[PDB]
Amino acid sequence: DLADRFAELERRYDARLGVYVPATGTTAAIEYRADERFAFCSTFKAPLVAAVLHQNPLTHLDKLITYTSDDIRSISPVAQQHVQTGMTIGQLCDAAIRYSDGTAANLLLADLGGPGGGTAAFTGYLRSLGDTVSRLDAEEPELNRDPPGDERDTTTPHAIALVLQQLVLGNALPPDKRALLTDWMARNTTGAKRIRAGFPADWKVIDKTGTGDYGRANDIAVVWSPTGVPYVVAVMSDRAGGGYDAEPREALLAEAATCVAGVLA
């Protein structure tokens, strides 16, 4: 039984687990703590890129953005390497999604602009997609650090699944912008041990991970069966019982995803 299996994993990892898979033609919604709030952590970077894509002509991707030492304040595997030359918006989108680049994300927030260094406009983008639940209040590094229970910088597996569904499978973005987003998630480098690990190799998996303090580990994905039937999978977790320095546990998500893949196969 699926809920039994998820509860078993929670006990195994001393964790809180949230899971949502939207209903399709022949499958019921899968939901476990799906309406509980979990920190976004880096999962926000996927809808962030969508916000920036949406807001601008496609060739805004070619705009060069410069930044300096005091802009590197978080894990930034790509931006740290290009600080001396700058990065285009396209390069920032790429790094934000594929390397979960924190500086790239901050610069993209600033590009989106408005109050809160773009956090207000980011939240507004989500509201435009009918998400009245999620909220972004801080950028990197602060957004991963809110205490367990605090609503700042949170989404829910349910809310984020419906947002991702519109972005990737629905018509939130024009086809060209949709393809850019989809392809970046498809080429993600951070996700091998999460949802990807739970689905057989003949299923296509695209994703954006999140990791944070208090043992936070998330992953949002779109997967396609070997016959091209897509499902959206959101998995979020925290281990508040270990305190701020609790280790995120990817294996939770891999196991949760295996359970899910078992039902969808």
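In case it trips you up, residue 1 is the first one in the sequence shown, and so on.
**Student:** Test of understanding: from the entry's C-alpha B-factors, which stretch has the higher mean, 41-49 or 63-71?
**Tutor:** According to the PDB entry, the answer is 63-71.
**Student:** What stretch has the higher average Cα B-factor here, 129-137 or 85-93?
**Tutor:** If you average the C-alpha B-factors of 129-137 and of 85-93, the larger mean comes out for 85-93.
**Student:** Which is it among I206, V233, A28, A34: the one with the largest CA B-factor in the entry?
**Tutor:** Answer, based on the entry's C-alpha B-factors: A28.
**Student:** So if I compare the CA B-factors in the entry for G113, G124, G102, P157, which one is the largest?
**Tutor:** Answer for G113, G124, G102, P157: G113, with the highest C-alpha B-factor.
**Student:** Taking the entry's C-alpha B-factors for this chain, is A240 in the lowest, middle or highest third?
**Tutor:** Tercile = highest for this residue's CA B-factor.
**Student:** Using the temperature factors of the C-alpha atoms in this entry, rank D213 within its chain: lowest, middle or highest third.
**Tutor:** Middle third of the chain for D213's C-alpha B-factor.
**Student:** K193: which third of its chain by C-alpha temperature factor?
**Tutor:** Answer is highest: the recorded C-alpha B-factor places it there.
**Student:** Looking at the temperature factor on the CA atom of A23, which third of the chain's modelled residues does it land in?
**Tutor:** Highest third - that is where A23 ends up once the chain's C-alpha B-factors are sorted.
**Student:** Hey, what third does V223 fall into on Cα B-factor, ranked over its chain?
**Tutor:** Bottom third by C-alpha B-factor.
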